[PDB]
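First comes the structure, then the notes that go with it.
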Amino acid sequence: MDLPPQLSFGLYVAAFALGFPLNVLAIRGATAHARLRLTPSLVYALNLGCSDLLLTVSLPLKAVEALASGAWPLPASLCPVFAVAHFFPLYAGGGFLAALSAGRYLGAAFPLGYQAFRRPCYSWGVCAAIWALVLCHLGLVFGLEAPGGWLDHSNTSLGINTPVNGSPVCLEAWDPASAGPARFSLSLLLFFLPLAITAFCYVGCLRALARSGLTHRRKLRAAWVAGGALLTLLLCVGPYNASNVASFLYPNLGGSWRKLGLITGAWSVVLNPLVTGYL
Amino acid sequence: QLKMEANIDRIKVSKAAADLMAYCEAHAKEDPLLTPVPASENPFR
Amino acid sequence: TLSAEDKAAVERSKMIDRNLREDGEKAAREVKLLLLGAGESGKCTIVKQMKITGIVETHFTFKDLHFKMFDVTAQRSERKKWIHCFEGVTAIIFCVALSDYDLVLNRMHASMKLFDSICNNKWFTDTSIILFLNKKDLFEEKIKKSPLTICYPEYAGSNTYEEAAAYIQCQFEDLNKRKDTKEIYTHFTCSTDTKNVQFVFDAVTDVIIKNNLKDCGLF
Amino acid sequence: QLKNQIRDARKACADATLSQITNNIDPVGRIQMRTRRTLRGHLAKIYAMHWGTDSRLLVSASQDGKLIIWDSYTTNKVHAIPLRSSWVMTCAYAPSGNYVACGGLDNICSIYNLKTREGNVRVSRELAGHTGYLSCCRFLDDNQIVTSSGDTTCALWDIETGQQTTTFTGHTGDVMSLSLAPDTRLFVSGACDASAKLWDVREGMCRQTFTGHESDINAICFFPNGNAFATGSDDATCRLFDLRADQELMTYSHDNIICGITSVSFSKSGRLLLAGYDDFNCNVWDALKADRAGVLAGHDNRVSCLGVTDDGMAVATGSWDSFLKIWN
Ligand SMILES: CC/C=C\C/C=C/C/C=C\C/C=C\C/C=C/C/C=C\CCC(=O)O
Numbered sequence: 001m002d003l004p005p006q007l008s009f010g011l012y013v014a015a016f017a018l019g020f021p022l023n024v025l026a027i028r029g030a031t032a033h034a035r036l037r038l039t040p041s042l043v044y045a046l047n048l049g050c051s052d053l054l055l056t057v058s059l060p061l062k063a064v065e066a067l068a069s070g071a072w073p074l075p076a077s078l079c080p081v082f083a084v085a086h087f088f089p090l091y092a093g094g095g096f097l098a099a100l101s102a103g104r105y106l107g108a109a110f111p112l113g114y115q116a117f118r119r120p121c122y123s124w125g126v127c128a129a130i131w132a133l134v135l136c137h138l139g140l141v142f143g144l145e146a147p148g149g150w151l152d153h154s155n156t157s158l159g160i161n162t163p164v165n166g167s168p169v170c171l172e173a174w175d176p177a178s179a180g181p182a183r184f185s186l187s188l189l190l191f192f193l194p195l196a197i198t199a200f201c202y203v204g205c206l207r208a209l210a211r212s213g214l215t216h217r218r219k220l221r222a223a224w225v226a227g228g229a230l231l232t233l234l235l236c237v238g239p240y241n242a243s244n245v246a247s248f249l250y251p252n253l254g255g256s257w258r259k260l261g262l263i264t265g266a267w268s269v270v271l272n273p274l275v276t277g278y279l
Numbered sequence: 018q019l020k021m022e023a024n025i026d027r028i029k030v031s032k033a034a035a036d037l038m039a040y041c042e043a044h045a046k047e048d049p050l051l052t053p054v055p056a057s058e059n060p061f062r
Numbered sequence: 004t005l006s007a008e009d010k011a012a013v014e015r016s017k018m019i020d021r022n023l024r025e026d027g028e029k030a031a032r033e034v035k036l037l038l039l040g041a042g043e044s045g046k047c048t049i050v051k052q053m054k055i182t183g184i185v186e187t188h189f190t191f192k193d194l195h196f197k198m199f200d201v202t203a204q205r206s207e208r209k210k211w212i213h214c215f216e217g218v219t220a221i222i223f224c225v226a227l228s229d230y231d232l233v234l241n242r243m244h245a246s247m248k249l250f251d252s253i254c255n256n257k258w259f260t261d262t263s264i265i266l267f268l269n270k271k272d273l274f275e276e277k278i279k280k281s282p283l284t285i286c287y288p289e290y291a292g293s294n295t296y297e298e299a300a301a302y303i304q305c306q307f308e309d310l311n312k313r314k315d316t317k318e319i320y321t322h323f324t325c326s327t328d329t330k331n332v333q334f335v336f337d338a339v340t341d342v343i344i345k346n347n348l349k350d351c352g353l354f
Numbered sequence: 013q014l015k016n017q018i019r020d021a022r023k024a025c026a027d028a029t030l031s032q033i034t035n036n037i038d039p040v041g042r043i044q045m046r047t048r049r050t051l052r053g054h055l056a057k058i059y060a061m062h063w064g065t066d067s068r069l070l071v072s073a074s075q076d077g078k079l080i081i082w083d084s085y086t087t088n089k090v091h092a093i094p095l096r097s098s099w100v101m102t103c104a105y106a107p108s109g110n111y112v113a114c115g116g117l118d119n120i121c122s123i124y125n126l127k128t129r130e131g132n133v134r135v136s137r138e139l140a141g142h143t144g145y146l147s148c149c150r151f152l153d154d155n156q157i158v159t160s161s162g163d164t165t166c167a168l169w170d171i172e173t174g175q176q177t178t179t180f181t182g183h184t185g186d187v188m189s190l191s192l193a194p195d196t197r198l199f200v201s202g203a204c205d206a207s208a209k210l211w212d213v214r215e216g217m218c219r220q221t222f223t224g225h226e227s228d229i230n231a232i233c234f235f236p237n238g239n240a241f242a243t244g245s246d247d248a249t250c251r252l253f254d255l256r257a258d259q260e261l262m263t264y265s266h267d268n269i270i271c272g273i274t275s276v277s278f279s280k281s282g283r284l285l286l287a288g289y290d291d292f293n294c295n296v297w298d299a300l301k302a303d304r305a306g307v308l309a310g311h312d313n314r315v316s317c318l319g320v321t322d323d324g325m326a327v328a329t330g331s332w333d334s335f336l337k338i339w340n
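Chains R, C, A and B, in that order, are what the protein sequence lines are.
Position 13 (the first sequence) corresponds to 13 in the entry's author numbering; numbering is contiguous.
Position 3 (the second sequence) corresponds to 20 in the entry's author numbering; numbering is contiguous.
Taking the entry's author numbering, I'd label the letters of the third sequence as residues 4 to 55, 182 to 234, 241 to 354.
Position 48 (the fourth sequence) corresponds to 60 in the entry's author numbering; numbering is contiguous.
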């Protein structure tokens, strides 16, 4: 039971029109907070805001392609650019959330050491490392798997694969059992390990707070904030990776599952600032 | 001390106000705040 | 900066700025505590235990952590004029003489009034406060000898040490209106040296954890 | 009896108000000031500042434990004296520029010699003898300094002798601020008893006392003429007192302002006065019409102090944040 194209287009437009003002307001608030004083959490907030803005910029092409006659209503020259702009933020947000959870765990379980090592330079360096690693992984996978690479067929187009007729969007009509292991490895290394790190840091912070003698209200507020962030990350990223691993396990997957996964991933840009916007 | 404070010479308030007004108007030109200063020779700009 | 004098001035300014940055980095991780008391409690017994004008400065390091304690017993002036200077301190150490309830300057009432005044200050809302009750043995001897009803006519019950100490602690703790964002670490002073410094270190660690959580955004 | 006679004499001398005399004056237009220079060397809240004689170098003392002399023309720093006590609330600059004094919770007005043979700043004297928090230190000459403490008294010290020579007593409340006349022969002190007393440098007794404030006085400053001064209290008002008239001339207050006043200073000609406020705002009042002329909202936390240069080229306002602004 695939969703009608009109409903998909409408929900994409609504999601973009709600996310964009919230995203720009969150970015403005983060910049205003950083102007007075710079904090390690503010760096992650600014990075998340930039990723959300990039995702909103990439949204309209997907929104207009979601129609029935929307196989590829755009030039193919910038198709890899759109694919990167749509794929990078999904893992970038998870990486930023994992880094923030690690920082919170370090500041809670090891307060003296964290205070002695309070340096925004370390946060900027780790953010740059995450950006570089994700970009390098995406580029290597695009070269190895997508057509036009060294291991790809010579008689092919970069991001275009229409063996029958027409012209589809990048990764919209990917050939089954072609980049299955590559997509599975990307999903693992970009979400499952960050998810495990985030869960470990969350449970460690909760244990440290329980062992702490702080006020019950402060502990409850911190636990609620951490749980809300974890629930946001789950409900925004997990379904897409689950669909990817289900497709990798056996090629029987096909139909509206990919559309639902993409819609859930697009809901991230509109749902994340609600719990982490620093308004 | 209060007796010494009481035995002092006091002048009219109007004369003192007139003197203060004359002092304020005499140095109005010399004050760089009442009259804006050009940036050509301003040390701070 | 064509002139040599201008270059020298710029270099001196850069050196001064780097020295300021180094000093700020050094002082960022340094922990300061404030010592307060009413009447004879201004001269706290912690410094005397360690041994055996204006602000008195004391330095001691526990568990590789530097602690600074300031004594304000010599500042016999208006408290509100200079109370805003002691802002951003890690914690405030309050010492109450439990054996001063019988003595009249009334001493316990004055201590409670001063505690209420300092706890309700607009500049001390974020700062945590540590409550120390001294002379527990003297207090128990006094209540065994003299009745406690004189100090608290409303209070009724037996004259044992445990319930009297609990009642005093509750009456001291319930003196703050903001019970959500303010925490009080009440304690009883004992002859053991390790217990007091351990409690102070635990309170400082809790304050540091709260500050780190606030910085990370969990507040 | 004597107080009643003094009040009757004050009432009789009040022939007319200052507003009636200044009615014919054309009102001054609105003035806009911009922060020409910003100083960010400090890493903690500052409490006092004082300009130099040449109107180029100024000294500011902050709570981190040291004071920095700033060259406002170039914004670079020229000196940095690490104070022994981190609790400092006052600072002073010598008229000759050689010496710098500071004081705080510790009852010491430490004096440092900027000019030394070895080229390194060193402590020249360490004055002691006060029993209260040192509210303000001010230099009379190269060898005379006047300090006001929290013991409801003021004293005159000698740098070479190291001991106070003349002491001033009579204030009911703690003295908070003081200002020096241009001829350095007489001065006032603003205590917490809502009163200001006029003292003598030479013989040292209070000729006249001024009352009328509803709260403790935090700031005080003489008129450029030297025959009048303005006071700033915690009840959000500024009163211009006249030495000859021995009574309040004009009051500067408004319904909008309810916050206290930290620092008060006059301009070069005395036409306009700048007063700090607890809402990180500076109001440029009119000394003759009690009308606001401008608002300096360039600060963040609270305007701790502000001062005007001798030539009146620019005004510098300190504040509890690490940034210092120069307004011109
Ligand atoms: C694709 C991204 C996947 C993982 C990304 C980064 C991950 C894990 C980082 C750290 C956790 C455990 C240990 C190393 C210690 C690290 C310092 C990192 C952060 C804290 C900085 C701060 O918030 O102040």
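Quick reminder that beta carbons are idealized off the backbone N, C-alpha and C, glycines included.
Inset, instruction - For residue 73 (chain B), name the three-state secondary structure that DSSP assigns. - result: Note: residue 73 (chain B) maps to strand in three-state DSSP.
Inset, instruction - Report yes if the C-beta distance between residue 164 (chain B) and residue 186 (chain B) is below 8 Å; otherwise report no. - result: Yes; because the gap between Cβ atoms is below 8 Å, this pair is in contact.
Legend entry - Alpha carbon of residue 285 (chain B) to alpha carbon of residue 41 (chain B), nearest angstrom: Residue 41 (chain B) has its alpha-carbon roughly 15 Å from the corresponding atom of residue 285 (chain B).
Inset, instruction - From the DSSP output, read off the bridge partner residues of residue 269 (chain A). - result: A:226
Inset, instruction - Report yes if the C-beta of residue 251 (chain R) is less than 7 Å from at least one heavy atom of ligand 1; otherwise report no. - result: no
Inset, instruction - Run the proximity test for residue 281 (chain R): is its beta-carbon closer than 7 Å to any non-hydrogen atom belonging to ligand 1? - result: Because residue 281 (chain R) is not part of the residues shown, which for chain R are 1 to 279, the question remains open.
Legend entry - Residue-chain proximity (residue 15 (chain B), chain A), Cβ-Cβ < 8 Å: So no, residue 15 (chain B) is outside the interface.
Inset, instruction - Could you tell me if the beta carbon of residue 98 (chain R) falls within a distance shorter than 7 Å of some heavy atom in ligand 1? - result: yes
Legend entry - the stretch 287 to 298 of chain B touching the stretch 268 to 278 of chain B, judged by at least three CB pairs closer than 8 Å: yes
Legend entry - According to DSSP, residues forming a beta bridge with residue 186 (chain A): A:199
Inset, instruction - Consult DSSP for residue 319 (chain A) and reduce its assignment to one of helix, strand or coil. - result: strand
Inset, instruction - Could you check if residue 14 (chain R) is buried or exposed, using at least 16 other CB atoms within 10 Å of its CB as the buried criterion? - result: With fewer than 16 other beta carbons inside 10 angstroms of its own, residue 14 (chain R) counts as exposed.
Inset, instruction - Starting from residue 349 (chain A), trace the alpha helix (DSSP H) both ways and give me its first and last residue. - result: Element bounds for residue 349 (chain A): 328 to 351.
Inset, instruction - Look at residue 336 (chain B) and residue 58 (chain B) and say whether their C-beta atoms are less than 8 Å apart. - result: Taking 8 Å as the cut-off, the beta carbon of residue 336 (chain B) is found closer than this to the beta carbon of residue 58 (chain B).
Inset, instruction - Label residue 198 (chain A) either buried or exposed according to how many other C-beta atoms from any shown protein chain fall within 10 Å of its C-beta, with 16 as the threshold for buried. - result: buried
Legend entry - Where the beta strand (DSSP E) through residue 6 (chain A) begins and ends: In this chain, residue 6 (chain A) is not harboured by any beta strand (DSSP E), its DSSP state being neither H nor E.
Inset, instruction - Would you tell me roughly how many angstroms separate the C-alpha atoms of residue 239 (chain A) and residue 243 (chain A), rounded to the nearest one? - result: For residue 239 (chain A), nothing is modelled; it lies in the interval where chain A passes from 234 to 241 with no residues in between.
Inset, instruction - Would you tell me roughly how many angstroms separate the C-alpha atoms of residue 21 (chain R) and residue 271 (chain R), rounded to the nearest one? - result: 13 Å
Legend entry - residue 94 (chain B) - partner residues in DSSP beta bridges: B:78
Inset, instruction - Run the proximity test for residue 95 (chain R): is its beta-carbon closer than 7 Å to any non-hydrogen atom belonging to ligand 1? - result: yes
Inset, instruction - Have a look at B:277, B:193 and B:255 and flag the residue whose alpha-carbon is nearest the alpha-carbon of residue 244 (chain B). - result: B:277
Inset, instruction - Please say whether residue 336 (chain A) and residue 215 (chain A) have beta carbons closer to each other than 8 Å? - result: 8 Å or more divides the Cβ of residue 215 (chain A) from the Cβ of residue 336 (chain A).
Inset, instruction - Evaluate the contact criterion for the stretch 133 to 142 of chain R versus the stretch 20 to 35 of chain B: three or more CB pairs, one atom per stretch, below 8 Å. - result: no
Legend entry - Pair within 8 Å by beta-carbon distance, residue 301 (chain B) and residue 39 (chain B): yes
Inset, instruction - State the start and end residues of the unbroken beta strand (DSSP E) segment that holds residue 156 (chain B). - result: 156 to 160
Inset, instruction - Tell me where the beta strand (DSSP E) around residue 171 (chain B) begins and ends. - result: First-last for residue 171 (chain B): undefined, no H or E at that position.
Inset, instruction - Could you tell me if the beta carbon of residue 343 (chain A) falls within a distance shorter than 7 Å of some heavy atom in ligand 1? - result: no
Inset, instruction - Step through the CB atoms of chain C and report whether any lies within less than 8 Å of the CB of residue 197 (chain B). - result: Not a single C-beta of chain C is nearer than 8 Å to the C-beta of residue 197 (chain B).
Legend entry - Endpoints, the alpha helix (DSSP H) within which residue 86 (chain R) is located: Segment 79 to 109, the alpha helix (DSSP H) holding residue 86 (chain R).
Inset, instruction - State yes or no: is the beta carbon of residue 16 (chain A) nearer than 8 Å to at least one beta carbon in chain B? - result: yes
Inset, instruction - Pick helix, strand or coil for residue 325 (chain B), following the three-state DSSP scheme. - result: DSSP places residue 325 (chain B) in coil when its eight states are reduced to three.
Legend entry - Integer Cβ distance of residue 266 (chain R) from residue 12 (chain R), believed to fall under 8 Å: 7 Å
Inset, instruction - With a cut-off of 8 Å on the beta carbons, I'd call residue 171 (chain B) and residue 136 (chain B) a contact; round off their distance for me. - result: 7 Å
Legend entry - ligand 1 heavy atom lying under 7 Å from the CB of residue 334 (chain B): Result no, Cβ not under 7 Å from ligand 1.
Legend entry - Proximity winner among R:59, R:42 and R:37, relative to residue 30 (chain R) (alpha-carbon distances): The option with the nearest alpha carbon to residue 30 (chain R) is R:42.
Legend entry - Minimum length 3: unbroken beta strand (DSSP E) runs contained in the stretch 203 to 237 of chain B: 207 to 212, 220 to 223 and 229 to 234
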